[PDB]
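In: Pasting an experimental structure with its sequence.
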Amino acid sequence: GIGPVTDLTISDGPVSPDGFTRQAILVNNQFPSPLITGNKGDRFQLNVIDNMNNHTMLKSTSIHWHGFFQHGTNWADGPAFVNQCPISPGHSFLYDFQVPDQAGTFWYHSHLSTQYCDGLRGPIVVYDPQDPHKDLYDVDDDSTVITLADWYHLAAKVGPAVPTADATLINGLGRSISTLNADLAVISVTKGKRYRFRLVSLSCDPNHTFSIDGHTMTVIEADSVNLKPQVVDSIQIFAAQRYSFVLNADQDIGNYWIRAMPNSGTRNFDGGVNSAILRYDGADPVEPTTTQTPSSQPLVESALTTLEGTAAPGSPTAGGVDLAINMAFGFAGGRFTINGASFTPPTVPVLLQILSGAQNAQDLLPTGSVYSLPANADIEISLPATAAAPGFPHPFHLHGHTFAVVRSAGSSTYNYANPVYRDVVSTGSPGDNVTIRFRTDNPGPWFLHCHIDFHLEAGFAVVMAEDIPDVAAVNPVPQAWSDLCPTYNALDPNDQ
Ligand SMILES: *[C@@H]1O[C@H](CO)[C@@H](O[C@@H]2O[C@H](CO)[C@@H](O)[C@H](O)[C@H]2NC(C)=O)[C@H](O)[C@H]1NC(C)=O
Ligand SMILES: *[C@@H]1O[C@H](CO)[C@@H](O[C@@H]2O[C@H](CO)[C@@H](O)[C@H](O)[C@H]2NC(C)=O)[C@H](O)[C@H]1NC(C)=O
Ligand SMILES: [Cu+2]
Ligand SMILES: [Cu+2]
Ligand SMILES: [Cu+2]
Ligand SMILES: [Cu+2]
Ligand SMILES: [Cu+2]
Ligand SMILES: [Cu+2]
Ligand SMILES: [Cu+2]
Ligand SMILES: [Cu+2]
Ligand SMILES: [Cu+2]
Ligand SMILES: [Cu+2]
Ligand SMILES: [Cu+2]
Ligand SMILES: [Cu+2]
Ligand SMILES: [Cu+2]
Ligand SMILES: [Cu+2]
């Protein structure tokens, strides 16, 4: 794909991924946003050029490179009012970082308000030249990235505060109930070959239960973390998660429905909604007529494990860490709260507050939403599900880190010995107590938030201000970053 060194010019333009025309955000004149690729170890220099003129979809922008640790480049992480002020329309801003020791499937998306819902979001693959799973597949390239996305006929700031999707897009295409003739995505395979498919959820809200008629899927990666291979016949993937799965194109040459059932909006497949086409070379260019069978080996997160079976940080019992934090979810005044506070973006980005002299979490805004974390410590965070935070299951995402999911949704057990590690986790449903652990090896302020973008917008976030005293020294910032806030703050309000 493009990158690791590339311009990304952001503009507004008409699109019709489901047959319906609407204005959306393009990236290098493309919708959906294009795939960016590099290799493990690469330096990425992604020059984001903000050419948008549409105020309703936000003329300013900021982009987060989801899944990348950004060690020593916290200023490049993307979240507006946490790690930067937005880039202003008519300006450009260079994200320049490296990706030491990561490889897998990632994505990028606007991290200003609900802007990515308007279409600034695309996949990223960082290949590993020594990928330990290479021996399982023959093909892994542009054409094996499979994105899922929600799509709305009304823009993020035009529809309901928490909208319902008119379509599910698979690789940027799909049908709405009003567009049953729209083009479907087609994914081609050749009989006898093995494919590393990289399934990326670009969704702003719904999760999708993904399956392919007549085929199983061997999962080998979760959110950029190599797993032990696990055969499954369906994958519930939440907003912002990734999986690689190997598909062996070992069935009869034909067309087979690829299905992505969301948890809200239209949940059926009538007339080819929520669907795409797996077409073996030599198949007729027509719609599949395959029928779905019940999933009998769904992916189960607590059954996943890392390739090395790496233990969770800290000691194998509850609270065996340096610092344990429970995040009690709630809702009040139409905003989400975590431990009683709703995140509201501060005028001065949290990172800039720290570089300006804020010496502890008590000094940081917004008050009540910022947690201090000590350096080089084992952290445990528990995220108990509650109906008091409406719109569960909420997929929580921690910036700056991968974490061990010691307890998954739908499971009553704790696993300190060999739990899956990942960066987005469903916190599930009342009764669940999803719990995660990570080591504070990455000084900086890092967002922790529900990745349903309408819920983030409603305050469902906190900031982990990790090792505040070393932030400035570990994250020296470039001049162009220092100029972001003065430029943005000089703007007319409707350009912000
Ligand atoms: C900027 O983007 C917005 C949102 O995409 C466009 O909003 C449309 O406005 C018309 C008229 O008010 C409505 O009938 C549409 O439903 C809106 N579209 C969507 C997708 O919400 C707006 O038109 C764009 N501005 C320009 C100049 O094109
Ligand atoms: C989810 O798990 C967390 C962490 O184990 C629980 O919070 C702990 O509960 C015990 C018993 O009340 C206290 O002694 C601890 O001090 C709490 N730990 C922390 C870090 O605050 C939490 O109660 C569980 N919540 C639900 C709803 O099941
Ligand atoms: Cu204008
Ligand atoms: Cu993200
Ligand atoms: Cu992220
Ligand atoms: Cu370091
Ligand atoms: Cu400028
Ligand atoms: Cu907002
Ligand atoms: Cu067509
Ligand atoms: Cu330890
Ligand atoms: Cu310790
Ligand atoms: Cu949520
Ligand atoms: Cu880390
Ligand atoms: Cu680490
Ligand atoms: Cu985020
Ligand atoms: Cu203006």
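Out: Everything's here; your move. Numbering: from 1, shown residues only. Ligands and ions are numbered 1, 2, ... in the order given.
In: Enumerate the residues of the stretch 101-250 of the chain near ligand 4.
Out: residue 240 (C-beta under 5 Å from the ion). Every residue, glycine included, has its C-beta placed from N, CA and C.
In: Ligand 1 contacts on the stretch 101-250 of the chain?
Out: 154-155, 158 (C-beta under 6 Å from any ligand atom).
In: near ligand 12, from those?
Out: When C-beta under 5 Å from the ion is applied, no member of those is adjacent to ligand 12.
In: Could you identify which of these has the most neighbours?
Out: For those, neighbours were counted using other C-beta atoms under 10 Å, and residue 155 has the most, 21 neighbours in all.
In: now it: how far from residue 118?
Out: Computed with C-beta to C-beta, to the nearest Å, the distance linking residue 155 and residue 118 is 6 Å.
In: Find residues that contact each of these two.
Out: By C-beta atoms under 8 Å, 6 or more residues apart in numbering, residue 155 and residue 118 have these common neighbours: 24, 57.
In: what about the strands in the stretch 251-400 of the chain?
Out: Taking DSSP state E, counting those that start in this stretch as the criterion, the stretch 251-400 of the chain contains strands spanning 255-262, 275-280, 323-326, 329-332, 335-338, 370-373, 378-384, 395-398.
In: Tabulate the ones you listed in JSON lines, adding columns for distance to ligand 16 and mean neighbour count.
Out: JSON lines is the format used below for the strands of the stretch 251-400 of the chain (distance: least, C-beta to the ion, whole Å; neighbours: other C-beta atoms under 10 Å):
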{"stretch": "strand 255-262", "distance to ligand 16": "36", "mean neighbour count": "22"}
{"stretch": "strand 275-280", "distance to ligand 16": "40", "mean neighbour count": "23"}
{"stretch": "strand 323-326", "distance to ligand 16": "42", "mean neighbour count": "15"}
{"stretch": "strand 329-332", "distance to ligand 16": "35", "mean neighbour count": "17"}
{"stretch": "strand 335-338", "distance to ligand 16": "29", "mean neighbour count": "23"}
{"stretch": "strand 370-373", "distance to ligand 16": "32", "mean neighbour count": "21"}
{"stretch": "strand 378-384", "distance to ligand 16": "40", "mean neighbour count": "21"}
{"stretch": "strand 395-398", "distance to ligand 16": "32", "mean neighbour count": "25"}
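In: Now render the ones you listed as a markdown table, adding distance to residue 12.
Out: Shown next, in a markdown table, are the strands of the stretch 251-400 of the chain (distance: least, C-beta to C-beta, whole Å):
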| stretch | distance to residue 12 |
| --- | --- |
| strand 255-262 | 26 |
| strand 275-280 | 27 |
| strand 323-326 | 40 |
| strand 329-332 | 33 |
| strand 335-338 | 29 |
| strand 370-373 | 34 |
| strand 378-384 | 36 |
| strand 395-398 | 27 |
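In: Which one, of these, ends up nearest to residue 189?
Out: Smallest distance to residue 189 across the strands of the stretch 251-400 of the chain (C-beta to C-beta): 5.7 Å, for strand 275-280.
In: now could you export just the CA positions of that closest one as CSV?
Out: Written as CSV, here are the backbone C-alpha positions of strand 275-280 (Å, rounded to 0.1, in the frame of the first residue of the first chain):
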residue,chain,number,x,y,z
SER,A,275,-22.7,-9.0,3.0
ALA,A,276,-19.9,-9.4,0.6
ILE,A,277,-18.7,-12.0,-1.9
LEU,A,278,-15.9,-14.5,-1.6
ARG,A,279,-15.3,-15.5,-5.2
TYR,A,280,-13.0,-18.3,-6.2
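In: Please state the offset of it from the chain centre?
Out: In terms of C-alpha atoms, centre = their mean, to the nearest Å, the centre of strand 275-280 is set 24 Å apart from its chain centre.
In: what do you get for stretch 351-362?
Out: The answer for stretch 351-362 is 27 Å, by C-alpha atoms, centre = their mean.
In: residues in contact with that stretch?
Out: For stretch 351-362, contacts defined as C-beta under 8 Å, 6+ apart pick out 74-75, 82-85, 346, 348, 363-365, 370-372, 444-445, 465, 468-469, 471-472, 475, 477, 485.
In: Of these, keep whichever come out buried.
Out: 74-75, 82-85, 346, 348, 363-365, 370-371, 444-445, 465, 468, 471-472, 475, 477, 485 (16 or more other C-beta atoms under 10 Å).
In: and the protein, what are its domains?
Out: What curated CATH domains lists as the domains of the chain is 1-132, 133-308, 309-496.
In: show me the contacts for the closest residue to residue 325 other than its chain neighbours.
Out: Leaving aside its sequence neighbours, residue 325 sits nearest to residue 381 (C-beta to C-beta, 6 or more residues apart in numbering; 5.1 Å). Contacts for residue 381 were tallied using C-beta under 8 Å, 6+ apart; they are 324-327, 398, 403, 435-437, 448.
In: about what we covered before: ok, and which of the domains of the chain has the densest surroundings?
Out: Greatest average neighbour count among the domains of the chain goes to domain 1-132 (a mean of 21), per mean count of other C-beta atoms under 10 Å.
In: so how far is that domain from its chain's centroid?
Out: Averaging C-alpha positions (C-alpha atoms, centre = their mean) puts domain 1-132 12 Å from its chain's average.
In: Residue 168 bridge partners, please.
Out: As for beta bridges, residue 168 partners with residue 150 under DSSP bridges.
In: Surely it touches residue 151?
Out: Yes. Residue 168 is in contact with residue 151 according to C-beta atoms under 8 Å; the separation is 7.4 Å.
In: where do the contact lists of those two overlap?
Out: In contact with both residue 168 and residue 151: residue 174, using C-beta under 8 Å, 6+ apart.
In: Return the residues of the stretch 251-400 of the chain in contact with ligand 12.
Out: Residues of the stretch 251-400 of the chain lying close to ligand 12 by C-beta under 5 Å from the ion are residue 394.
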